[PDB]
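Asker: Quick one: the structure is below, and I'll ask about it shortly.
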Amino acid sequence: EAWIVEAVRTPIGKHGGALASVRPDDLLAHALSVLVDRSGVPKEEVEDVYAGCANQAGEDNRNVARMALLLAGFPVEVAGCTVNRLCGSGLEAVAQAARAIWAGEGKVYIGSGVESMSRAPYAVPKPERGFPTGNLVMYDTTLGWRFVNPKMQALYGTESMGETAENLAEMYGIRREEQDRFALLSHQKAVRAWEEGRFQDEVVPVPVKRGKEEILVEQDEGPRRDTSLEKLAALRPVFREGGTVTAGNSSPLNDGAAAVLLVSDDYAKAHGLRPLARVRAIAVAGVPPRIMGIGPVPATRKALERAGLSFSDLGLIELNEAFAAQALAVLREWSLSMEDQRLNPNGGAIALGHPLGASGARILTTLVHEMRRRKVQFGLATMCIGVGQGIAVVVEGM
Amino acid sequence: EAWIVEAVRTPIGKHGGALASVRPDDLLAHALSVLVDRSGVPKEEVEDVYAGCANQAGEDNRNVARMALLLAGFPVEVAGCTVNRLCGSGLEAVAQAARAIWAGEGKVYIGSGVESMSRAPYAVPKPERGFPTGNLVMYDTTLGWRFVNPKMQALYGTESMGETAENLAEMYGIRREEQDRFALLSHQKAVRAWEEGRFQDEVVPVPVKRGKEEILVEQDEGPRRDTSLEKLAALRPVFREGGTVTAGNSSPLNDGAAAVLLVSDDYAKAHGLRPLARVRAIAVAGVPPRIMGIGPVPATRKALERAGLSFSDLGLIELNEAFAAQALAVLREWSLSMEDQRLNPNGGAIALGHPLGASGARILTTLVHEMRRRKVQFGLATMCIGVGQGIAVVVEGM
Amino acid sequence: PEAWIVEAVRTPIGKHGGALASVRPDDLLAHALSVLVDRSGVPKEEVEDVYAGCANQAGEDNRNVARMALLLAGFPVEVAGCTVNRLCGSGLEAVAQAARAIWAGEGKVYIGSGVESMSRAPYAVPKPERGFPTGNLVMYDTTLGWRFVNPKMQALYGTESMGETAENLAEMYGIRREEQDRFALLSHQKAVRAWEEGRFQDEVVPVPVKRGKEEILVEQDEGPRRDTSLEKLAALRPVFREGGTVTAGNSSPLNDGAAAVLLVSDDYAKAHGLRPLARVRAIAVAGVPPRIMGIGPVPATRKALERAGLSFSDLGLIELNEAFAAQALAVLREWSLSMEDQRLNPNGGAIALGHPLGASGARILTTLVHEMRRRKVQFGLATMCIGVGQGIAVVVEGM
Amino acid sequence: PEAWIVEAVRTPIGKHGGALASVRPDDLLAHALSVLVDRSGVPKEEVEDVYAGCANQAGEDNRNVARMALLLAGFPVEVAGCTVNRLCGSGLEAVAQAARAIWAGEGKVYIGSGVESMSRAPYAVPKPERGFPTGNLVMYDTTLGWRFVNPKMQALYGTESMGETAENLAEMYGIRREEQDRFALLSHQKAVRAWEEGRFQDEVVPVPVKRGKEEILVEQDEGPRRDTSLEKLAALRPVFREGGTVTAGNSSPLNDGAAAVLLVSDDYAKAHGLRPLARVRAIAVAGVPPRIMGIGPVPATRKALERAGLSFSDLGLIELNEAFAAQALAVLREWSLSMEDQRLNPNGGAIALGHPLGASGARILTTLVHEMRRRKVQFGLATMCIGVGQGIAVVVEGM
């Protein structure tokens, strides 16, 4: 009933990098425009546009989805909503789109996500008294915990994502050598994937204006060919003294956008749209904040169950790489080796980038396209989510 | 299949008023706590929490749903996500919940919303160059357009909600006397509803700490008994010189939170939960930004059609009052009189308050409760949405 | 006699966010400047330059308030102006600056003044040093103290708050809690009594405050409290050091206020029939260790007295700014004086009246001069402690 | 002859966000202060008080930079300090203040300095006056000019920028674009020539800058450019008024820098064998209409010369701060002097060298004194225009 007929993503840029000049609302518009243009489905046919965004305080404020779809030239009739389940917002957007199609409402929906961590603004508290006294803090929304709630600090901590990654490394006994090794592979597969043209179909270039002339960013600037196991081992822990998680075996902060077009099976048939995949089942689940990294475990088991499938039926697995330590802990639960041919075949977030709000849709796009070329029947896309959550979506190729 | 077994809301406070000292995440936690406590449904039974929020830049940052549920004592397994479709986010949250139950994922979901416009922080842009020069702006997130996109400015304007209200008053020729008359009714019906105890069931008191001692806020502080038709006419236009929209015939800025508990029919039967109503159909639609006030029209039409009903089958209608002018324009299309006994029976946003993010769930709460007491079969909850959108939900009493 | 004080005025002192919080510093100072000249009978065009003290010039008091204020007050464009800043003692430095110019034989008419609007002090935000930064920033409240701290500074001397330096002194001189509060109770009583008996009617000039549509006239310091009791004072908890002694009650508050004094050359005074209020005898500035800035008046007063060829015993009126009961008493310890001395802050001190930083210096000088005239005292001393370790003192001879 | 200038030093002048943007003002000024005393052979404990000029004390230069800088520089705790602010002329005002104290027979050793780091000037934010406000706020960049504008001010005189008042002057005196660019070109050539020939080696003291892990030594003003041409200068577009004449090229930039001069009493100099560089003859300050603040030097130079009992023609060396080619030339008109005058800014002016506000006053006095000594001139003049309508001048006699 819910079919994925098109998937697109802008390349992923480094923080303050290649796409730091492009504002989120404009960035997402590029994705939305490109999705529809190559699909051959008039914009006017889209019923509603769901988009994921982790921080809607800056140029992405007041419902990016609606702002972006308008900017992209869609007719005024197309609706939009911005969903926010942090790291997993991108996937939640697709889930939301699918559920609508299943409910027999619209026939054409878009599931997307965007996040410009470079341009994330500062948030400043409002005074509560007349002529205050005392310094104030300007919170950088690019980062994490802010406007902290004392009651929150008391119930669970406010440990950084990086810290929870260490908590996992401890719990599962994931050594530094293994973390860096996992990281090296992410880079190697990504570099190889680009080099061999596997990203050419799903990636749509983004024009950047540098002063007077335009530049065309058309490749993720994250992957490095010179990544070596020696250099990776030279980096210092960054979240815990005498720790194990370093800047090299964890994802960076990035800018990016992704969008997938979903239509009802009947609609696809009536317009000759060739399916890329079909949404089989979705699941969401919560885990303790201190170890939000394993969120994919219970989410994937619930999803597989709902799709009446076994992990072993999966032929391609997209597990978002928030931290090597976290990803490996998840792999432990699944009894899988980082060398598994099905796992992040073209690289993961450690090398490609983790533009929060957009990653969910980003990884589903990479999954679907790869599923098609190697004709895999079942694929999984799942991510860990900040403050203790997980989301997973099971897709069936066609 | 998707049943509404409980609905609650905190009273609505004026800007910088009775609830200005309560932070959004905490406010929403009160609603979430109350919802389950009265239901007799253990927290661990909830599958996911959807919550709407128009501005997630302050104490409501990084997914308030998840933050709120944890603060409210829910176990770590309960998931949560924050939806944002501006003014209509509250309703989008319920729709989201319903579609999940229909998809047969979980059996217990919460659809809610929160908005503390009193504590909305300031947003400051990030520097793009080394040692800048020139003044910067601190955008007040309590208001409207910010970090404006030039392209947006060119395609459609960045007129304020209040201005779009005028555009409608002009388009439909809705006089000032008519608008103020409409506003007077909102107050009278609200004052009456409270006075007669119709809000007693749906409202849960919120404790506010004033220094050392606690005070219990237990009534909306918006409605005023001394509201007169003369006073209303003495106000000056606020959005357009020689205009018609005044601070008196338009909604204010407020703080508030609301939550509705939906459960699958099979679950309700297994646990003896008595249904308040059933979710029949949902519809979302877009309209030109310059007259977003009309959003309810195409959305209500789509929803009714999807529920296979006619406007005349409706026995109670909750049309959020963003502006007298806008509501009346909507009434024009429906060929309904502001005196219709089915319309906002206990008052509307002009007198009660419009805590953005929470309004959707807020009016749904008021609808369901009134539907039950007057044994109405079909009810409609619909609202206009910023930058040109509209959402509507048809519900069947039980 | 070369530099003569011929007029002294001050606006009432308001509480933080209080009665004058609505008035901006530049405008407030203008009121003082305008009033000083109006009642003097000396045309504004006669003034040579205007010195003014201001501890924080980041907000509405930016870019030399002196000049802004004077123009606002209707002075002709020819009158010059400069804003001096020696923190807590800026107000007095302003007067000293004026006197020294008159002695140098430059102009014949100068104004020494000060202003401080602690209520409207803005926030200061650092500038980015890199392209697309990352990390939280801080908005420093200029109403307070240490900000944009320099590591090197932190290393050499601390960055202990004024309140803490008060404690350091209470400890060093063993100034008990009962003593401190007793001293504070007196400040209030003398102040309440002085107002009550009209001793402030001459030196104070009412300030019009606009509340919405109508104007209100602020004409009395809102700091002094008749209900101040030794019981209440003792019930307050230390504010700067756990198990300490300095409370919010035995320390000065944060206030808004402005004051200005008109000085002229003696030959000018004689040529225009201006009756002298007093004559500036000697000035002295001195530094002391930051951690106990409170004693600053000590070395400064000895230097000033010596320069005026006088002994402490020749003083018939002493205005010692009350930054903290503990700090004042420590100074009194050095001078071997009792807080009961009839010469000491006869009409109350900052603890009860207020300490609008930049204006305090000129504020106490104004109160000294006026009281010197009514009780016909020959020698008066005005001295204050200054933040980060300094002290200033000015000796004046009545006429 | 009671006030003698025995030593003069200045740090090089950096561009906005340039070579010294990493150094904080308080630290920058400490360099000047340390350097001044180290080469004078006068123990720090001998210094009585330290005056410093600073146009914006809202950032790292808050709460009396003089006292912070002197402590940072290692001076003993007893040395006092105060920050004076007369905007563009604060640097000079600091020396004047030092001199006047020596004349009054207070201390024997004083320091007059100035500092300004326009690169790190913070942002200033207003304080809310109501509980839960609504409406956007503004973050004023203290690097610039008018801010927290007073409506009343706007109504009496405008709030025209310095650059604008430079145009008003250009118009009033009919100073053509070609003339302005020519003046600007000479400022660069004389500056480049001066450095190249080593005339700045004596007065300039290197500033160590930390660049990550290693130190770099900034030792030359980074403003002057050898490649400055009359053709390039003419290519620039007006920056303050459409179809105007003032360009970024014929105006001074925004810069960072610090300077300090050591003044001592004549009897002290004699008793310790200090060789005088110059003698402070007379000082004068004056106000002019804000819209044409550029001419401030005229009435101030007149009053100063008159107080020194000299005639303009007796001046053998003239340092007129170059705020704007247009402003400087208008002043030159009043004096009936040609920009070719061999006495005028011999080693270059602000347009090429830089205008680090608060420090420029002391900076130009330093360059004047040193040049006076090498070419054995007897009388020199240092004068500047001051924001919002003022001017200051100081007459010095070589020795």
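Naming works like this for the structure tokens: A, B, ... for the chains as they're shown, residue 1 at the start of each chain, ligands 1 onward in shown order.
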Could you pull out the residues in range 84-117 of chain A that DSSP calls helix (DSSP H, G or I) from the backbone, as an MDAnalysis selection string?
Answerer: chainID A and resid 86:102
Asker: Residues of chain A that approach chain D to 6 Å or less, counting only C-alpha atoms: could you list each one with the shortest pair of atoms and its distance in Å to one decimal, rows by chain and increasing residue number, as JSON lines?
Answerer:
```
{"residue": "A:128", "atom": "CA", "partner": "D:131", "partner_atom": "CA", "distance": 4.9}
{"residue": "A:129", "atom": "CA", "partner": "D:131", "partner_atom": "CA", "distance": 4.7}
{"residue": "A:130", "atom": "CA", "partner": "D:130", "partner_atom": "CA", "distance": 4.7}
{"residue": "A:131", "atom": "CA", "partner": "D:129", "partner_atom": "CA", "distance": 5.4}
```
Asker: Taking only C-alpha atoms into account, which residues of chain C are within 6 Å of chain D, as a count of residues only?
Answerer: 24
Asker: Which residues are near residue 11 in chain B? Cut-off 6 Å, only C-alpha atoms, ignore same chain within fewer than 4 positions. Put them as a list in words.
Answerer: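 Non-adjacent residues within range: residues 218, 219 and 220 of chain B.
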Asker: Could you save the residues just selected, with N, CA, C and O atoms, as a PDB file, in the first residue's frame?
Answerer:
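So out31.pdb came out as:
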```pdb
ATOM      1  N   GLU B 218      -6.348  27.290  38.666  1.00  0.00           N
ATOM      2  CA  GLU B 218      -7.375  26.331  38.243  1.00  0.00           C
ATOM      3  C   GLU B 218      -8.493  26.817  37.325  1.00  0.00           C
ATOM      4  O   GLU B 218      -9.529  26.168  37.202  1.00  0.00           O
ATOM      5  N   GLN B 219      -8.278  27.949  36.673  1.00  0.00           N
ATOM      6  CA  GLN B 219      -9.266  28.514  35.767  1.00  0.00           C
ATOM      7  C   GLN B 219      -8.558  29.341  34.711  1.00  0.00           C
ATOM      8  O   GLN B 219      -7.560  29.995  35.009  1.00  0.00           O
ATOM      9  N   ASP B 220      -9.062  29.332  33.481  1.00  0.00           N
ATOM     10  CA  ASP B 220      -8.426  30.134  32.442  1.00  0.00           C
ATOM     11  C   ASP B 220      -8.520  31.582  32.894  1.00  0.00           C
ATOM     12  O   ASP B 220      -9.572  32.015  33.354  1.00  0.00           O
TER      13      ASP B 220
END
```
Asker: Give the answer as one residue: which of A:328, A:398, A:386, A:66 has the shortest atom-to-atom distance to residue 173 in chain A, using only C-alpha atoms?
Answerer: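 For residue 173 in chain A, the nearest of the given residues is A:328.
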Asker: Per residue of chain B within 6 Å of chain A, record the nearest atom pair and its distance in Å to one decimal, counting only C-alpha atoms, with rows in chain order and ascending residue number, as a Markdown table.
Answerer:
```
| residue | atom | partner | partner_atom | distance |
| --- | --- | --- | --- | --- |
| B:57 | CA | A:57 | CA | 4.9 |
| B:59 | CA | A:147 | CA | 5.2 |
| B:76 | CA | A:288 | CA | 5.6 |
| B:77 | CA | A:286 | CA | 4.1 |
| B:78 | CA | A:286 | CA | 5.5 |
| B:79 | CA | A:286 | CA | 5.0 |
| B:81 | CA | A:85 | CA | 4.7 |
| B:82 | CA | A:84 | CA | 5.0 |
| B:83 | CA | A:83 | CA | 4.6 |
| B:84 | CA | A:82 | CA | 5.0 |
| B:85 | CA | A:81 | CA | 4.7 |
| B:99 | CA | A:99 | CA | 5.9 |
| B:119 | CA | A:126 | CA | 5.9 |
| B:121 | CA | A:125 | CA | 4.8 |
| B:122 | CA | A:124 | CA | 4.9 |
| B:123 | CA | A:123 | CA | 4.7 |
| B:124 | CA | A:122 | CA | 4.8 |
| B:125 | CA | A:121 | CA | 4.7 |
| B:126 | CA | A:121 | CA | 5.3 |
| B:147 | CA | A:59 | CA | 5.2 |
| B:285 | CA | A:79 | CA | 5.3 |
| B:286 | CA | A:77 | CA | 3.9 |
| B:287 | CA | A:77 | CA | 5.1 |
| B:288 | CA | A:76 | CA | 5.2 |
```
Asker: Compile the contact shell of range 226-238 of chain C as a PyMOL selection string: residues with an atom at most 12 Å away, counting only C-alpha atoms, same-chain residues fewer than 5 positions apart removed.
Answerer: chain C and resi 163-164+166-167+176-196+243-251+325+351-352
Asker: As a PyMOL selection string, please: the residues near residue 302 in chain C (cut-off 10 Å, only C-alpha atoms, same-chain neighbours under 5 positions excluded).
Answerer: chain C and resi 284+286+297+307-308+310-312+335+393
Asker: Would you output that residue set with C-alpha atoms, as a tab-separated table (two decimals), in the first residue's frame?
Answerer:
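Saved file selection_37.tsv follows:
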```tsv
chain	number	residue	atom	x	y	z
C	284	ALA	CA	45.36	62.41	47.41
C	286	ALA	CA	46.50	55.77	46.85
C	297	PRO	CA	40.76	55.61	52.61
C	307	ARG	CA	49.45	67.72	51.72
C	308	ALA	CA	47.05	70.17	53.39
C	310	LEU	CA	46.68	69.28	58.80
C	311	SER	CA	46.15	66.55	61.40
C	312	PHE	CA	43.17	64.19	61.52
C	335	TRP	CA	41.81	56.13	62.58
C	393	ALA	CA	40.40	61.54	49.67
```
Asker: Residues of range 44-139 of chain D in strand (DSSP E) according to DSSP, as number ranges by chain?
Answerer: D: 49-53, 80-85, 109-117, 123-125, 137-139
Asker: Do you know which residues are at most 7 Å from residue 33 in chain C counting only C-alpha atoms, after dropping those on the same chain fewer than 3 positions away, and could you put them as a list in words?
Answerer: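 Residues near the query, excluding close chain neighbours: residues 29, 30, 36, 37, 70, 73 and 260 of chain C.
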Asker: Write the residues of the selection above to a file with N, CA and C atoms, as a compact mmCIF listing (two decimals), in the first residue's frame.
Answerer:
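That gives us result18.txt:
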```
# COMPACT_ATOMS: atom_id res chain seq x y z
N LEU C 29 22.06 62.62 34.62
CA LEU C 29 23.18 63.54 34.84
C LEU C 29 22.85 64.94 34.34
N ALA C 30 22.11 65.00 33.24
CA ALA C 30 21.72 66.29 32.68
C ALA C 30 20.91 67.05 33.72
N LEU C 36 22.45 72.53 38.84
CA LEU C 36 23.63 73.15 39.44
C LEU C 36 23.82 74.57 38.92
N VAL C 37 23.73 74.72 37.60
CA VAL C 37 23.91 76.02 36.97
C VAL C 37 22.73 76.97 37.20
N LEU C 70 25.75 67.22 29.20
CA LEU C 70 25.78 68.68 29.13
C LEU C 70 25.00 69.18 27.92
N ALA C 73 21.48 68.87 28.69
CA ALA C 73 21.07 69.86 29.67
C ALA C 73 20.98 71.29 29.12
N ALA C 260 26.45 66.77 41.10
CA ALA C 260 27.37 67.68 40.44
C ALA C 260 27.70 68.87 41.33
```
Asker: Would you kindly return, as a list in words, each protein, DNA or RNA residue with an atom no farther than 6 Å from any atom of range 336-353 of chain B, considering only C-alpha atoms and excluding same-chain residues fewer than 4 positions away?
Answerer: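 So, after excluding close chain neighbours, the residues are residues 186, 187, 189, 190, 193, 222, 223, 250, 251, 252, 254, 316, 317, 318, 321 and 331 of chain B.
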Asker: Go ahead and save the residues from that selection, with C-alpha atoms, as a short mmCIF file (atom, residue, chain, number, x, y, z; two decimals), in the first residue's frame.
Answerer:
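Output saved as part.cif:
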```cif
data_model
loop_
_atom_site.label_atom_id
_atom_site.label_comp_id
_atom_site.auth_asym_id
_atom_site.auth_seq_id
_atom_site.Cartn_x
_atom_site.Cartn_y
_atom_site.Cartn_z
CA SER B 186 -16.68 34.07 22.79
CA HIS B 187 -16.33 35.73 26.18
CA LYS B 189 -20.03 31.62 26.31
CA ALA B 190 -16.71 31.09 28.08
CA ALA B 193 -19.33 27.60 30.61
CA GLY B 222 -8.48 34.94 29.75
CA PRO B 223 -12.33 35.25 29.88
CA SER B 250 -8.28 38.59 18.16
CA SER B 251 -6.71 35.88 20.31
CA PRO B 252 -3.92 36.70 22.75
CA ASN B 254 -0.86 32.42 26.23
CA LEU B 316 -20.81 20.19 17.49
CA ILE B 317 -18.10 22.26 15.84
CA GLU B 318 -14.87 23.54 17.39
CA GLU B 321 -10.67 31.49 17.00
CA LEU B 331 -18.18 30.79 8.65
#
```
